[PDB]
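There are 2 protein chains.
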Amino acid sequence: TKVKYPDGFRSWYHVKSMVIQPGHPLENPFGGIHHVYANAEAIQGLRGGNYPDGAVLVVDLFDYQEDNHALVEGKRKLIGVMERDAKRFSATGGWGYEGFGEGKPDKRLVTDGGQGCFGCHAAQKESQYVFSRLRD
Amino acid sequence: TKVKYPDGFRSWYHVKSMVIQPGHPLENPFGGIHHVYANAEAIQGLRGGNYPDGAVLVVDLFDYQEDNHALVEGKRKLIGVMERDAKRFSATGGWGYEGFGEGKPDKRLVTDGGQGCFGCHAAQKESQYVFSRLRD
Ligand code: HEC
Ligand code: HEC
Ligand SMILES: [Zn+2]
Ligand SMILES: [Zn+2]
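Order-wise, the sequence lines are chains B and A.
Quick note on the authors' numbering: the first sequence kicks off at 3 and runs consecutively.
Quick note on the authors' numbering: the second sequence kicks off at 3 and runs consecutively.
Here it is in structure tokens:
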């Protein structure tokens, strides 16, 4: 019941992006420029199907520097990971929730079996616990 | 001697992003959240390899809205497209330059054969007229 490191996620489908600036309620620790990625499996859910076991969503969080009215991507802060397994991740609505510090497999961030992550993602039960909307 | 609309570019490898805000010298018309994408042939070039004919880079430019210490993606403004053909686009350094308003295939923007585009990109001769760098 550990979430696997999503090897190769940077080659996945880019779902969407958002900037969370200082002062945002989620600034600790979501502050930065973030990009949402989906594997083949997760695309099926985003398109309006059921999320199949093996679907993985990644949220890739970068620091940024405001440089003359450009926001410029700096170092990666972390990745958040949601891993669909209806049986193994049953306690958290069938998604496994993990963080990797600087996107490194060695730096697991989740210490409460993902109940905190699940606490907020539960509001989205009707879209299978997923906030991001697939956009053209 | 026309740049092909890059059908399916939303499914390609996401290279990088940047935000250009009010007050940036490039605000008009490059203002917004932009995402750079690369087809397989473009990735060869970006990796430090050479760009094969048929390499395509896309810059996808979104309007954004302020939303309580968040910049949220709004409407697509346009896409910019560079298509590799050393022979057919030799007047603009082996890349064909085109813009599509709102990313629509029917709203081609470039009127000067891409000389305007090439004029700025020519700064980057030493990285084959590409600004963007592959990051992890
Ligand atoms: C609310 C107080 C949140 C808590 C706690 C967590 N997440 Fe979340 N998450 C939240 C929002 C509003 C979004 C959407 C961002 C966007 O650009 O629209 C997200 C997104 C994710 C994603 C991308 C998939 C999706 O649901 O859109 C992942 C992979 C994700 N979050 C993981 C994650 C983990 C591992 C958490 C605990 C450490 C976690 N989130 C907490 C809101 C909230
Ligand atoms: C300088 C005044 C520019 C002019 C005029 C044009 N472009 Fe450009 N382009 C510019 C920069 C600084 C960047 C990098 C942005 C980043 O996030 O790093 C770009 C990028 C592109 C891309 C992505 C590929 C790359 O070189 O990084 C494409 C596909 C692209 N630009 C196309 C484009 C076209 C079609 C133009 C004429 C309409 C054009 N550019 C003008 C700077 C400048
Ligand atoms: Zn405020
Ligand atoms: Zn500014």
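All C-beta atoms, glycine included, are put in the ideal place defined by N, C-alpha and C.
Note on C122(B): under 16 other CB atoms within 10 angstroms of its CB, so exposed under the neighbour-count rule. Scanning the segment 20 to 81 of chain A for uninterrupted alpha helix (DSSP H) segments of 4 residues or longer gives 29 to 32 and 42 to 48, listed from N- to C-terminal end. Non-local beta-carbon contacts of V83(A) in its own chain, meaning distances under 6 Å to residues more than five positions away in sequence, involve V5, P8, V60 and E100 in chain order.
The chain-ordered list of residues whose CB is nearer than 5 Å to some heavy atom of ligand 2 reads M20(A), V38(A), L59(A), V61(A), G82(A), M84(A), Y99(A), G101(A), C119(A), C122(A), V132(A), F133(A) and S134(A).
Neighbourhood of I22(A) in chain B, by CB distance below 9 Å: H71, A72 and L73, in chain order. Taking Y53(B) as reference, the option from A40(B), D62(B) and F64(B) with the minimal CA-CA separation is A40(B). Going by DSSP, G118(A) is part of the alpha helix (DSSP H) stretching over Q117 to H123. For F11(A), the three-state secondary structure derived from DSSP is helix. Counting of Cβ neighbours within 10 angstroms places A44(A) among the buried residues, the total reaching 16 or more. When the five nearest sequence neighbours on each side are left out, the beta carbons in the same chain lying within less than 7 Å of the beta carbon of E75(A) are those of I35, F64 and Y66, in order along the chain. For ligand 4, residues qualifying as neighbours are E68(B), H71(B), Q23(A) and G25(A), where qualification means a beta carbon closer than 6 Å to at least one of its heavy atoms (chain order). A Cβ-Cβ contact shorter than 8 Å links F102(A) with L111(A).
In the DSSP secondary-structure assignment, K106(B) is not bridged to any residue. Assigned with DSSP and collapsed to three states, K127(B) falls in helix. Chain-order list of chain B residues neighbouring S92(A): empty, with the shortest C-beta distance near 32 Å, by a criterion of under 8 Å.
Rounded to the nearest angstrom, the Cβ distance from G105(B) to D62(B) is 7 Å, consistent with a contact under 8 Å. Short note on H36(B): C-beta closer than 7 Å to some heavy atom of ligand 1. Checking the 7 Å criterion, the Cβ of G10(B) is out of range of every heavy atom belonging to ligand 1.
Taking the beta carbon of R135(A) as reference, no residue of chain B falls within 7 Å; the closest one sits roughly 10 Å away.
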